């Protein structure tokens, strides 16, 4: 049976969960990588059944979402040596161990073997609520460290543990290509680098492992992280539902099925791409009223 590691799921409200669901539709088992400060919170809501409501696969619990494992993961660190004394001291990291990208890499591979799929649905900006102009070297590089370099780290450590013909997917946002005031802290710069890095990784992973990698430029989803920004997320959504060529409402599962498709053998000739999943809003010049 096939497996996909989904780095960056903190609850059932994000894109990673939506991706997990659609992979369930085609019988691949999911391993989540959870950011440590919310790892217990999560494994708790999962034990109690708060997500059973969300593990329904359209045929209503005749088919379940197979969560093979859940692990602590801080893609901010590539291996143990990188971990600083203080984060080892933190009350949220005391309990937990083996959570560097290499740690979870090795762990999964030592137990489950080679896997086929790999998802990167995480990101973080310290100063996301600052304009790129008012952003500091530290915040900027933090955004980029957490949101861009993290994909590279994942590939480096995972892709030698993956099946030939395997596939990697990440999420991005169009602020990398067109100015969205409000998407700040160098998050636009991070996405811009992610997109570029997707191509360059496609070449190395393609030639070395025959592995594919693509990124989905998603439309606005009211996830937890999204919510953070005086409701920048509500505006992007009402702007989208109003002016997209497709007046539908965007679901996590819309991105979910495109990821599932990108992760399958059905797209074995597509690599290095930014595929837009935003109800066609990227094609528009502006509001059509």
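Positions refer to the first chain, counted from 1.
**Student:** With respect to the deposited sequence, how many residues separating residue 229 from residue 230 are not represented by coordinates: none, 1 to 3, 4 to 9, or 10 or more?
**Tutor:** Gap between residue 229 and residue 230: 10 or more residues without coordinates.
**Student:** Averaging CA B factors per stretch from the PDB record, which one is higher: 75-83 or 184-192?
**Tutor:** The stretch with the larger mean CA B-factor is 75-83.
**Student:** Mean CA B-factor: is it higher for 104-112 or for 169-177?
**Tutor:** For C-alpha atoms only, the mean B-factor is higher in 104-112.
**Student:** With respect to the C-alpha temperature factors reported in the PDB entry, which of 215, 145, 210, 94 ranks highest?
**Tutor:** Reading the PDB entry, the winner on C-alpha B-factor is 94.
**Student:** Which one, 57, 244, 262, 255, has the peak C-alpha temperature factor per the PDB entry?
**Tutor:** Reading the PDB entry, the winner on C-alpha B-factor is 57.
**Student:** What third of the chain, by the recorded C-alpha B-factor, contains residue 88?
**Tutor:** Residue 88: CA B-factor falls in the highest third of its chain.
**Student:** Thinking about Cα B factors across the chain, which third does residue 280 belong to?
**Tutor:** Lowest third - that is where residue 280 ends up once the chain's C-alpha B-factors are sorted.
**Student:** Which third of the chain holds residue 13 when residues are ordered by C-alpha B factor: lowest, middle or highest?
**Tutor:** It belongs to the highest third of the chain when residues are ordered by C-alpha B-factor.
**Student:** Taking the chain's C-alpha temperature factors as the reference, tell me which third residue 251 falls into: lowest, middle or highest.
**Tutor:** It belongs to the lowest third of the chain when residues are ordered by C-alpha B-factor.
**Student:** What third of the chain, by the recorded C-alpha B-factor, contains residue 98?
**Tutor:** Highest third, going by the recorded CA B-factors of the chain.
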